[PDB]
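What follows is one chain in structure tokens, specifically the form deposited without the ligand.
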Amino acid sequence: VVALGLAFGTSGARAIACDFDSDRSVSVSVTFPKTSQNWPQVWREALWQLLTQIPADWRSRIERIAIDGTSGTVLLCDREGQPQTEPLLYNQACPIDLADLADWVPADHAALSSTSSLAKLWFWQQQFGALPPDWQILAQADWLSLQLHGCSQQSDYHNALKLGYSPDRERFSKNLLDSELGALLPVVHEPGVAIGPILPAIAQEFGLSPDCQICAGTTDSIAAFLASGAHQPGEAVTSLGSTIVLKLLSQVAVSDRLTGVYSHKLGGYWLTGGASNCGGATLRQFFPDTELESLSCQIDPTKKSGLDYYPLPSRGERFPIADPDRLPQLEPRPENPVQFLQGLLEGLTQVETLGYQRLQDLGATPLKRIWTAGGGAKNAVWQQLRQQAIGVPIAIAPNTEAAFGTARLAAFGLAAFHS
């Protein structure tokens, strides 16, 4: 099977078509402008540009397509899918009373956030008088795949979570469905299942097979986890980026109020995780990237530095332990910048260690091994510190592109995530 993944991120989009029988692939990209008066136009146009860059011989062989988009970027559209107002982006918060959402979702549901899709929908309900029942709210991924299969009000249970979906009971609440917002909600499917064939006109225009199937999508974060290929409870992916992001596959759903930990359904399993404010940004505050290698190769991880840093880039921590007034702790300073860097790496290591331990203590499946992504993944000193602290196998993730994760989704769905 040849499959196509399309991944829409915060600053651009990437398409990867993969032939999984020959292990062959092609990857194309588009970069978003940093300003627009019509972002939906930008995204749709990007979709066509991506398709157009894929070689015609690849296009004629693609039989499944899936799309991931940024979590919490949503559009308010009419019955035809035409946006009726500017999108509300993933990072935009709405000034609403979360109490107004209390009867529509469980106690500490993840949708109870000023930046959630549900909050944005209610916000639109405040700004408009009453929202016409024939309208619809669509996540970025939803809207984009709609461009390919034509079926309105269709989403997946990843994107839908922040809209108020409860994947533990595979439903929206009866209270939400019967409310004024109910008519605008999508029908929610499992990521990777076929929603419908490609639109005939789109197939002919782009030289795709008219029997090509468009699948339910996912989020960009989740697609990045799918890229790793990990599918056994206890397997995790650490993203050593500007911030440290942990994702852990678990037999059981876990969550935590103060730290905002929650879980996505992933087949018969659950994907939990957390994001610290600590990360590579802290390192960049003291060392140019060229200097980090020069110094790293001078560190012997087998001997302790004696330093006990908490490597925040600024005030406040959210995970593993929430403290809005948590201070960066970078004292004392050694004379040697090698030793200072070692202390920083030890602190970041402690953040990862404590993170997975916390997740386990919340009930997640005990860590079995770690796949590493991001800028810090190729740092072997840091990897050694992490192995020593955590005591499970750690390696660089084979693949880290959201588009490749989404290609795998298109091709195999979530079948691997069952016993």
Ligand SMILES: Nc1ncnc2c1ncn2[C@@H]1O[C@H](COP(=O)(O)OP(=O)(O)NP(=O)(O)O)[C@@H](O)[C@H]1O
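All residue numbers are counted from 1 along the displayed sequence.
Here the subject shifts to the form solved in complex with the ligand, a form of this protein not shown in this document.
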In the deposited bound form, residue 278 touching the ligand (heavy atom, 4.5 Å): no
is_contact(residue 371, the ligand) in the deposited bound form, heavy atom dist at most 4.5 Å: no
4.5 Å heavy atom contact, residue 283 and the ligand in the deposited bound form: yes
Residue 242 within 4.5 Å of the ligand in the deposited bound form, heavy atoms: yes
Candidate stretches 180 to 188, 286 to 294, 265 to 273, 310 to 318 - the one whose heavy atoms come within 4.5 Å of the ligand in the deposited bound form: 286 to 294
Heavy atom contacts to the ligand in the deposited bound form at 4.5 Å, residues of 373 to 402 in sequence order: 374, 375, 376, 379, 382
